[PDB]
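Below is one structure, written out as structure tokens; comments come after it.
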4 protein chains.
Amino acid sequence: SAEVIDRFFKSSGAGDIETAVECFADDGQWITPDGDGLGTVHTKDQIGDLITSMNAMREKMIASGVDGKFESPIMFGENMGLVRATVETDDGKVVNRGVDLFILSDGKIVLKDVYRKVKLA
Amino acid sequence: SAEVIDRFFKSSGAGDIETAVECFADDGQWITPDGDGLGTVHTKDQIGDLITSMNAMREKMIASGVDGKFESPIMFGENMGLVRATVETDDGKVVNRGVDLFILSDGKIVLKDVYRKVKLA
Amino acid sequence: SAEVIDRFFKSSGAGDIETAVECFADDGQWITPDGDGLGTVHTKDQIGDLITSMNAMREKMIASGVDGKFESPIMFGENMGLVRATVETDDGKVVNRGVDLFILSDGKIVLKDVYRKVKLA
Amino acid sequence: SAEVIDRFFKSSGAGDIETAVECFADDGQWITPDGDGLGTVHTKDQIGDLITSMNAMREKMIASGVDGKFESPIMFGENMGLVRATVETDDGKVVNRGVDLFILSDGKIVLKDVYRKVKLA
Ligand SMILES: CCC[C@H]1C(=O)CC(=O)O[C@@H]1CC(=O)/C(C)=C/C[C@@H]1O[C@@](C)(CCO)C[C@@H]1C
Ligand SMILES: CCC[C@H]1C(=O)CC(=O)O[C@@H]1CC(=O)/C(C)=C/C[C@@H]1O[C@@](C)(CCO)C[C@@H]1C
Ligand SMILES: CCC[C@H]1C(=O)CC(=O)O[C@@H]1CC(=O)/C(C)=C/C[C@@H]1O[C@@](C)(CCO)C[C@@H]1C
Ligand SMILES: CCC[C@H]1C(=O)CC(=O)O[C@@H]1CC(=O)/C(C)=C/C[C@@H]1O[C@@](C)(CCO)C[C@@H]1C
């Protein structure tokens with residue numbers, strides 16, 4: 001169900017690193033679209049740092065008049081959720097859009113990945 | 001459910017600006033595929049004007065023998081609907097096609113966005 | 001439901017022009033991926049001829065060792081079905097693939113369109 | 001349902017060639033993204049060899065520090081399942097991703113196909 005995805009967004013968006021991390025199965029992975037290949041894999045014990053570093057990135061974006069807006073997850077059965085994301089300037093300009101994929105197993109996240117429109121570095 | 005999406009198409013297609021606007025949550029956004037970026041964001045109080053201006057555009061299209069045809073929304077659970085759109089000439093020629101995304105929250109539209117085949121200016 | 005889509009494939013695949021045509025609403029359209037634009041629109045009374053001409057095309061393909069294989073439609077609620085198509089040579093070579101979109105209204109087809117991988121003329 | 005897809009992954013991943021093969025209808029096809037065209041068709045009696053040869057390929061990949069990870073299938077009704085695949089290096093680098101399509105009929109696989117991001121030879 002969507003509860004673990006909701007919990008993840010709320011806790012990770014406030015810096016409750018420990019709650020956010022615990023949304024992931026011990027074998028779960030969070031794939032970010034950076035690095036040599038199509039992405040970089042983060043395991044559960046890499047994910048707390050990742051959250052912290054993405055929060056710091058978000059603050060720089062905000063200071064520039066840009067921020068991401070995440071919609072409530074759309075569930076496809078119990079084990080998959082799609083989250084629409086839109087990155088917008090305060091002037092009303094979409095600068096990026098994408099979909100966060102969540103694959104769940106047993107109420108935990110086993111895969112978080114993103115598909116984005118603009119391949120930002 | 002699809003009722004608010006249906007209400008939106010019927011009212012906005014006839015110029016009932018006030019009913020159409022009220023289909024959107026106060027925090028909702030309607031993204032149009034124009035502007036510097038991947039689109040331009042319209043908030044609820046920008047949406048009435050937008051409807052009026054798109055109706056005027058539609059009349060110019062019709063006078064040229066071109067018009068858009070929208071299918072009934074296909075629901076994915078309660079909170080997402082997809083609307084197929086086809087732009088056709090009176091001679092039977094598809095000139096554009098796309099999908100209108102609706103994300104709902106609490107019976108209101110929180111995101112209307114479009115994906116189109118031809119990136120028309 | 002899928003019955004009208006199944007009926008359409010069975011009847012149109014055997015040349016029962018009248019049954020196939022009657023699967024379409026009077027306002028339905030069948031879009032083929034040929035012509036000046038992204039496709040060409042066929043109304044209900046253009047569709048019988050279209051079926052005949054596509055059957056004749058299919059026979060030429062078969063004589064060349066190529067044929068299309070259609071899977072059973074995958075339903076998304078009552079009013080949308082997706083049909084996977086694969087075009088294969090008798091030597092085991094996929095030469096095209098795509099998805100037939102069916103949008104239904106009231107048990108009739110209101111839109112049949114195709115998305116294909118190879119933009120064959 | 002997903003049972004036949006699960007059975008197929010478990011048995012084919014261990015070399016139980018006979019169980020894996022019997023997951024396919026007698027008319028089923030497994031399409032691999034190699035060959036002259038958009039893929040190559042394997043019938044039921046070609047599929048055992050295919051499994052063996054893909055296992056041997058997998059062992060070479062593993063010896064290079066690369067392996068594929070398959071998620072549990074996401075069902076769309078009874079007759080379609082999507083399986084997310086990610087190919088990763090042991091250093092945490094996604095090198096390929098895709099989706100395995102399964103179309104079922106009567107509890108058997110009638111079509112297995114893949115869509116991949118990187119068109120690897
Ligand atoms: C993992 C890739 C990140 C990108 C996507 O996933 C979709 C996209 O294109 O934009 C994203 C970047 C973005 O704009 C924001 C606001 C990231 C913030 C983070 O958001 C949380 C809630 C986790 C989800 O990322 C905690 C952080 C504050
Ligand atoms: C917001 C982008 C507009 C495009 C799409 O969304 C999908 C696409 O490619 O074509 C569209 C343009 C089009 O052809 C029409 C008929 C617009 C009319 C408007 O339609 C209403 C019902 C609202 C929905 O747009 C009120 C207006 C009369
Ligand atoms: C309308 C576009 C046609 C293409 C698609 O729709 C998907 C695709 O890429 O290949 C198709 C062409 C094809 O290979 C066949 C076998 C057409 C035969 C016709 O099939 C029937 C059953 C109607 C459905 O087309 C009656 C005809 C004998
Ligand atoms: C049929 C195309 C193969 C590719 C995909 O399907 C998705 C993708 O991009 O990567 C795949 C290649 C891959 O990395 C692995 C691990 C193949 C192993 C095989 O996996 C089993 C379980 C069958 C499913 O393939 C038995 C074999 C050991």
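Ligands are counted one by one from 1 in listed order, and the atoms in each one are counted from 1 as well. Reminder, nothing fancy here: chain letters follow the sequence lines and each chain counts from 1.
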Would you mind listing every side-chain hydrogen bond (donor to acceptor under 3.5 Å, both in side chains) that reaches into residues 4-14 of chain C, with sequence neighbours excluded?
-> C/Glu3-C/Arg7
Select all protein residues for which some heavy-atom-to-ligand 1 distance is less than 4.0 Å, and list them by chain and number.
-> A/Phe8, A/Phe9, A/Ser12, A/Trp30, A/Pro33, A/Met54, A/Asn55, A/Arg58, A/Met61, A/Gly68, A/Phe70, A/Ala85, A/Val87, A/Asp100, A/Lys112, A/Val114, A/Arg116
Would you please indicate yes or no on a ring centroid separation below 6.0 angstrom for C/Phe102 and C/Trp30?
-> no
How would you list all residue pairs meeting salt bridge (charged side-chain N to carboxylate O under 4.0 Å, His left out) that involve residues 109-121 of chain A, not counting sequence neighbours?
-> A/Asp100-A/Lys112, A/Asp113-D/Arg84, A/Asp113-D/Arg97
Measure the spacing between CD1 of B/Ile31 and OG1 of A/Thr86 and express it to the nearest 0.5 Å.
-> 4.5 Å
Would you say B/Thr89's side chain and B/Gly65's backbone share a donor-acceptor pair under 3.5 angstrom?
-> no
Would you mind listing every ring pair (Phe, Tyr, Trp, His ring centres under 6.0 Å) that reaches into residues 42-73 of chain A, with sequence neighbours excluded?
-> A/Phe9-A/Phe70
